[PDB]
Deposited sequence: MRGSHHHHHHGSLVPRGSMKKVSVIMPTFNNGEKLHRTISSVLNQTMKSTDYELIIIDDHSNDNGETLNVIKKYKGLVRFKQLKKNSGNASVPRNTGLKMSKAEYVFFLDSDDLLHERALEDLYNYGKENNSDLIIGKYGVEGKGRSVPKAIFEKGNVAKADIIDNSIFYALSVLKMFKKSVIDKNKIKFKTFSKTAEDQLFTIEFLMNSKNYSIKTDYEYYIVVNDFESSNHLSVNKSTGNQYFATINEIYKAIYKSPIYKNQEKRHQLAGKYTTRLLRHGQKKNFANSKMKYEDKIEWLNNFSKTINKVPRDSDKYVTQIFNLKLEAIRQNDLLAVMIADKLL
């Protein structure tokens, strides 16, 4: 009997707080025997506090401790993926909470719709919006349902897609690697669903650009190599819409007139410029028109022009 869902949760120095997160997972409307919680501790060093909490649920979770701290969720999440033989996986960050109906509602909706990906609406304690404005969507589309604006991995993923395509979290970047996983997944599957009956996942709140733009480069390459979105114009459309999201919400989007040092601005822009210049210009017509000059200035690797563009926005 293959499990319906593996919840994959990295921990690091969470301490007593973790009780509430683990409890939200163990308290599900889904039958306890139909799912599992996989905890991967990224070598906590908080005088055993995190491990003491995990040990209180010994027998109710699967657990692996890493021997050295990796520094972020990527290696721990990859470890979880190797351990899961479930139908779907769900990534849960150690500080957050699941609604008690999250696994049952998202899995059932997935099964009903043969979904590769099921996105439950996010709540916040103390998050994306447009994707959830249309109610439940059985067969969502990346552009029409604003999925480029909600690329966290805090979602339910069909494990066969991940295994067949060898999708792993990259360990070369401490930013945007989550975006990349979700994009690789989307580019290798067709059926996406959006479930909004409850706030199913609660988010609890508390550089050169080399690695960042390397990650961005991998996003565009995933679009342009997609076995699902094979048509070259659809690839241009997807790429141009991603470019738009990047210019709206990207890191240091307004770096050019910022207090960043000149030599850092030049390195940042060199990275951005060489990244976007590997993207066909055929994608540019799908970028929102207000960004025409800023995008061209970035292609031209011209800091003065980006400065000017930003002043005219």
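- Several segments of the deposited sequence have no coordinates for C-alpha: 1-17, 144-147, 228-238, numbered from the first residue.
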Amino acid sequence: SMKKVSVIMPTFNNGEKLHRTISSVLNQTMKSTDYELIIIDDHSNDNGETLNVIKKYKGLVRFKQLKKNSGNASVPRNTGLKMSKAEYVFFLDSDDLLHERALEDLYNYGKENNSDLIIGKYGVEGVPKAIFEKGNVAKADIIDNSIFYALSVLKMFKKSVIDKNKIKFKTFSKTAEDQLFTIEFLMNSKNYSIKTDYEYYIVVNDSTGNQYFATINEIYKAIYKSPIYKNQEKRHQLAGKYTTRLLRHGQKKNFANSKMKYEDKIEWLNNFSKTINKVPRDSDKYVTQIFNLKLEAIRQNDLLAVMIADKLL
From here on, numbers count along this sequence of modelled residues.
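Only the largest set of C-alpha atoms that superpose within 1.5 Å between the two forms is called the rigid core.
- Superposition on the core shows that, in 5 other deposited structures of this protein, the C-alpha atoms drift more in one of 256-264 and 274-282; this is 256-264.
- In at least one third of the other compared structures of this protein with flanking residues present, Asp206 is left unmodelled.
- Judged by mean Cα B factor in the deposited record, 170-178 ranks above the other of 153-161 and 170-178.
- Looking at mean Cα B-factors across 103-111 and 232-240, the upper value is held by 103-111.
- Reading the B-factor column for the CA atoms of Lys134, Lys139, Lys121, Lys221 in the entry, the top value corresponds to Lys134.
- Remark: of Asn217, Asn145, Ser207, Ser74, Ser207 shows the highest value [criterion: C-alpha B-factor in the PDB entry].
- In the deposited entry, the Cα temperature factor of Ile290 places it in the highest third of its chain's modelled residues.
- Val306: CA B factor in the middle third of modelled residues in this chain (values from the PDB entry).
- Sorting the modelled residues of the chain by their CA temperature factor places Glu36 in the middle third.
- Compared with the other modelled residues of the chain, the Cα B-factor recorded for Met83 ranks in the highest third.
- When the modelled residues of the chain are ordered by their C-alpha B factor, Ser70 lands in the highest third.
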